[PDB]
Amino acid sequence: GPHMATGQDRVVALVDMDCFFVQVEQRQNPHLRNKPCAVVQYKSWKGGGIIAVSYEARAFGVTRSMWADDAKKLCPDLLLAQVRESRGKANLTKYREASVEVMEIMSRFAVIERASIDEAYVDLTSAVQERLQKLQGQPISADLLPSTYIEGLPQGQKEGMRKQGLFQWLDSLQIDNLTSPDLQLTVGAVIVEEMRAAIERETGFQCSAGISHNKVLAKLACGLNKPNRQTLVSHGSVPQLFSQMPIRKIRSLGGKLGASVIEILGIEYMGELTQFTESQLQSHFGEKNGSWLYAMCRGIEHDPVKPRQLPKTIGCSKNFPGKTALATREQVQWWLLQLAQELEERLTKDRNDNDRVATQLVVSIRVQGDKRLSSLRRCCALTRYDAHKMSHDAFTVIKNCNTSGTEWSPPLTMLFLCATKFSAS
DNA sequence: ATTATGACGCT
Ligand SMILES: [Mn+2]
Ligand SMILES: [Mn+2]
């Protein structure tokens with residue numbers, strides 16, 4: 001009872017830009033705004049691979065990782081923006097720079113953890129305490145929450161439902177207790193409305209967000225009401241929400257581990273996990289995963305919001321699938337040079353912007369017919385930002401994979417260069 | 001012949 005900690009100490013938000021690459025292209029080209037549109041990479045093979053889809057296009061069934069020619073069968077009016085191509089590969093620079101715009105606005109409100117190019121976690125605990133003291137007892141007006149959904153409410157037209165749920169929540173709120181978790185989540189949501197307003201004002205970009213007590217719940221909440229909306233998942237809403245929540249929807253359970261939870265335990269939903277002791281879970285899934293599952297199914301997770309706005313590694317990758325696989329020495333060299341040239345550009349810009357130097361080069365390759373996604377990964381020293389030297393070293397480091405007797409065999413279906421091990425400069 | 005990345009765990 002009194003000693004079971006309930007993981008309500010923090011207020012954590014997950015902000016995710018709605019169809020981010022598409023919005024970047026729609027800001028740049030107004031003809032695309034408020035239309036079915038998608039962003040593609042390459043164009044020759046089946047019109048190119050789609051990597052981002054507006055919500056209007058999604059209503060027709062267009063999805064990521066779908067060929068553009070097939071998407072056009074579902075949505076003949078679909079509009080397409082193409083990723084920039086440089087040195088024969090996709091260049092994502094425009095989206096990394098748009099991402100930094102967004103991150104820099106978010107960083108004004110609270111400390112953020114860049115979780116991907118288009119999403120960050122926010123630790124709002126201090127911000128909420130400060131704002132609570134600023135209110136000095138004033139109750140929270142629904143006007144301050146114009147796009148917030150309260151998950152699980154109403155209980156007992158879409159916007160009509162939203163407002164009813166919010167009204168029930170706010171009427172139930174105990175504004176005089178500055179230590180109530182539910183009040184703290186609520187103030188966190190007010191701040192997140194303000195953050196999302198500043199992002200849209202200063203970039204034109206819309207986003208969704210989740211507000212809860214930890215990263216996993218914030219992330220799960222963010223996806224409940226998209227696009228352009230935010231969802232508050234309270235501690236108290238977890239039993240009902242998790243009672244029908246497929247295990248695969250929880251972050252890190254979408255793959256093999258989640259499938260083995262399902263197969264070994266004979267269950268489907270997150271909430272069923274409550275029935276197992278911690279020791280049982282550790283026995284099946286190992287001590288770390290067991291403790292984590294035992295707490296997570298009760299809505300409790302302790303992973304911190306790391307103060308990290310910048311990526312930890314800077315990487316350059318290209319697949320050479322099918323008959324385009326690289327089969328000669330000249331080919332492997334020239335593409336290592338193209339990759340190393342993009343890497344040099346991004347690294348020099350990174351050193352100037354962020355006062356740091358990478359010190360290790362990671363070279364990863366895939367050979368044709370190899371089952372694995374990395375057929376090999378080897379590291380060497382990264383001592384100067386020179387594309388010719390980095391390409392020469394990556395070669396030097398992979399070349400004993402060639403089994404020919406100027407040819408290259410097995411042909412290579414992927415090259416990958418990654419600068420890592422950053423040190424302040 | 002989804003592709004381009006990027007974080008993190010295991011050993
Ligand atoms: Mn997104
Ligand atoms: Mn995202």
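Reminder, nothing fancy here: chain letters follow the sequence lines and each chain counts from 1.
- Among the atoms of the strands shown, none is found under 4.0 Å from any heavy atom of A/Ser116.
- Under the ring pair (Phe, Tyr, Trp, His ring centres under 6.0 Å) criterion, A/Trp292 pairs with no residue at all, not counting sequence neighbours.
- For residues 379-391 of chain A, the side chain to side chain donor-acceptor pair (under 3.5 Å) pairs, not counting sequence neighbours, are A/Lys389-A/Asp393.
- Screening residues 357-373 of chain A for salt bridge (charged side-chain N to carboxylate O under 4.0 Å, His left out) gives A/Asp370-A/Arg372 as the qualifying pairs, with residues at least two apart or on separate chains.
- For the pair A/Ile105/A/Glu202, a side-chain contact is recorded, criterion being any heavy-atom separation below 4.5 Å from C-beta on.
- Among residue pairs with one or both ends in residues 68-109 of chain A, those qualifying as ring pair (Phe, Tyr, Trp, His ring centres under 6.0 Å) are A/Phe21-A/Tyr95; sequence neighbours excluded.
- As judged by a 4.0 angstrom heavy-atom cut-off over every strand, A/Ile117 is placed among residues making no nucleic acid contact.
- A/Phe20 pairs by the ring pair (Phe, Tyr, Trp, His ring centres under 6.0 Å) definition with A/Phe205, not counting sequence neighbours.
- With distances taken from any side-chain atom of A/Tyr42 to the nucleotides B/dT5, B/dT3, B/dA7, the minimum falls on B/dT3.
- Along DNA chain B, the nucleotide nearest A/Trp45 and the nucleotide nearest A/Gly315 are compared for position; the residue whose nucleotide lies closer to the 5' end is A/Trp45.
- Proximity note for A/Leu92 (side chain, C-beta onward) versus B/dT3, B/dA4, B/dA1: the nearest is B/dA4.
- Relative to the ring axis of A/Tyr294, A/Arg298 places its NZ or CZ within 45° and under 6.0 Å from the centre.
- Listed in residue order, the members of residues 349-363 of chain A having a heavy atom less than 4.0 Å from DNA chain B come to none.
- Between A/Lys94 atom NZ and B/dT5 atom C1' the separation is 18 Å, expressed in whole Å.
- Across all strands shown, A/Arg251 has no heavy atoms under 4.0 Å from either base or sugar-phosphate atoms.
- The side-chain hydrogen bond (donor to acceptor under 3.5 Å, both in side chains) search around A/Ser99 returns none, not counting sequence neighbours.
- To the nearest angstrom, P of B/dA4 lies 15 Å from CG of A/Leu343.
- Checked against the 6.0 Å centroid criterion, the rings of A/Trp335 and A/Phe395 do not qualify as a close aromatic pair.
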message = Set out, in order, the CA-CA distance, both residues' side-chain angles and the distance that settles side chain to side chain donor-acceptor pair (under 3.5 Å) for A/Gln23 and A/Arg27, then state yes or no.
response = CA-CA 6 Å; A/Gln23 284 197 85; A/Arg27 181 177 71 176; over 6 Å; no
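- Of the residues near DNA chain B, A/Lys323 and A/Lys89, the one whose nearest nucleotide (by heavy atom distance) lies more toward the 5' end is A/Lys323.
- Using a 4.0 Å heavy-atom criterion, one finds that A/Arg114 contacts no nucleic acid atom at all.
- Side-chain N/O atoms of A/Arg84 include none lying less than 4.0 angstrom from OP1 or OP2 on B/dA4.
- Closest contact between the side chain of A/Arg96 and the listed nucleotides B/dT5, B/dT3, B/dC8 involves B/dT5.
- Applying the ring pair (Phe, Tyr, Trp, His ring centres under 6.0 Å) test to every pair with at least one member in residues 236-291 of chain A, sequence neighbours left out, gives no pairs at all.
- With sequence neighbours excluded, the residues satisfying side-chain contact (heavy atoms from CB on, under 4.5 Å) with A/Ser116 are A/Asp118, A/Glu119.
- Within residues 207-222 of chain A, no residue approaches DNA chain B, by heavy-atom distance under 4.0 Å.
- Heavy-atom distances under 4.0 Å link DNA chain B to A/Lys288, A/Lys306, A/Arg308 of residues 280-309 of chain A, given in residue order.
- Straight-line distance from the CD atom of A/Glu119 to the P atom of B/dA7: 13 Å, rounded to whole Å.
- In this structure, A/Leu257 atom CG and B/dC10 atom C1' are separated by 14 Å, rounded to whole Å.
- Applying the side chain to side chain donor-acceptor pair (under 3.5 Å) definition to pairs two or more places apart or across chains, those involving residues 240-258 of chain A are A/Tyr121-A/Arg251, A/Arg251-A/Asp303.
- Whole-Å rounding puts the A/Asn319 CG to B/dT5 P distance at 10 Å.
- We find that NZ of A/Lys312 is positioned 9 Å from P of B/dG9, with the value rounded to whole Å.
- Across the protein-nucleic acid pair, A/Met414 atom CE and B/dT5 atom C1' stand 11 Å apart, rounded to whole Å.
- The separation between A/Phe416 atom CZ and B/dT5 atom P is 9 Å, rounded to whole Å.
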